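Okay, so the sequence shown: first residue is 1 according to the deposited numbering, each after it adds one. From the three backbone atoms N, C-alpha and C, an ideal C-beta is built for every residue, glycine too. Written below as structure tokens is the structure these notes are about.
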Amino acid sequence: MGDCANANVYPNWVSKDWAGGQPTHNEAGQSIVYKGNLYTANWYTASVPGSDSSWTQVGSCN
């Protein structure tokens, strides 16, 4: 049903810039899921995982 199941489903970003801040984006090496497919940010981005920007597909949850 969910994009992964219960992982970091976009826009459940990994960070704000720092850990404690409510998120704002995914940084270099930080992964996320977007409709089955798993992606990782190349540098810094908050677009749509897979829509170029700074994304790179690492796999798929489901």
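Our two residues, residue 6 and residue 26, have alpha carbons roughly 17 Å apart in a direct line. Looking at 16, 52, 48, 54, the one whose alpha-carbon comes closest to that of residue 34 is 48. Assignment of residue 22 by DSSP, reduced to helix, strand and coil, places it in the coil class. Residue 37 carries a strand assignment under DSSP once its states are collapsed to helix, strand and coil. Straight-line measurement puts the Cα of residue 4 at about 12 Å from the Cα of residue 12.
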